[PDB]
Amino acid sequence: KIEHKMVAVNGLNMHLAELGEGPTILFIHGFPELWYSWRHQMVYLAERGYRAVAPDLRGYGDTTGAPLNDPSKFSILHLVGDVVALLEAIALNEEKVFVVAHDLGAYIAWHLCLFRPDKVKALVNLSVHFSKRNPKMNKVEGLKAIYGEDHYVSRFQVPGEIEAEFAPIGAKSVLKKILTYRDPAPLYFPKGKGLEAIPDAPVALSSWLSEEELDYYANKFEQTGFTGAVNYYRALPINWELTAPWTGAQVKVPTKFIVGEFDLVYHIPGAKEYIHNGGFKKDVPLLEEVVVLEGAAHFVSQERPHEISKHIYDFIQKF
């Protein structure tokens, strides 16, 4: 079974979940997730001679030491810093390791590969495509322009506001709503209206999530709150300023990209065109073909654990 340790990483006490032995695979979770989201893949890959490592990121679960009052400490540079420190601590010998990441974890991973391609052998990213930096505006301003104030990324900007919205509702209901979400439209959180703006899917579609599995998540966020998680989104404006030096730069790491057909991120305007029609291959010259999972929504690691697990294995076996 899975071992859990606390490692000192970049001024954090970082919780790390470990299973297996062999070459290392670093798993980076998304929002609003935990090491626990990789559960199926850790097992599948450990049993096949890989060493699965999955941290809780800064601000999430059992990882501690990050000031919730200051979003700026959740900038993309801090995050990539954490990963690098982590790899020094636990990779040790291995010149290079395999990375698998989802959602914001994918965002972090892209930047890991931009900033330190010497550390990564090969990459599997889920949900979030490489996004070219828009010299005109940042993502928050861009998404707010298209979808309005109620767009979740906007509502998340001001500290306390979204936490206040969730307070009366409880972690469990909120997590259920999000994890179970299937619409390709983005989420909205209009002021005072709680979760009422989010449509429900047929209960049958979310059978992959179990009461037990949901409770794991609910119990963690009950104790930590959502501030650490949400601060990632808060740091997006600064992230734009800080990533200026990498205008025009390319990811030089062999990459596989997998996305669910109904993934809200896949349906950002221009995303499909960018992904399928060449732009994505231009920025990521070693992108081996894109995989779209038919009938899958955002949380593919958990919704389609076999398909995901197998794709990961078939790709890293090449190396």
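Position 1 is the first residue in the sequence shown; the rest follow in order.
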property: Given 86 to 94 and 240 to 248, the range whose Cα B-factors average higher in the PDB entry; result: 86 to 94
property: Mean Cα B-factor comparison, 282 to 290 or 56 to 64, giving the higher one as deposited; result: 282 to 290
property: Out of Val140, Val80, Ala218, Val124, residue topping the C-alpha B-factor column of the entry; result: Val140
property: CA B-factor placement of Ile198, once the chain's modelled residues are sorted into thirds; result: middle
property: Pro23, C-alpha B-factor rank within chain (lowest, middle or highest third); result: lowest
property: Third of the chain, ranked by Cα B-factor, where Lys310 sits; result: highest
property: Assigned third (lowest, middle, highest) for the C-alpha B factor of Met14; result: middle
property: Within-chain third of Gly228 by Cα B-factor, per the entry; result: middle
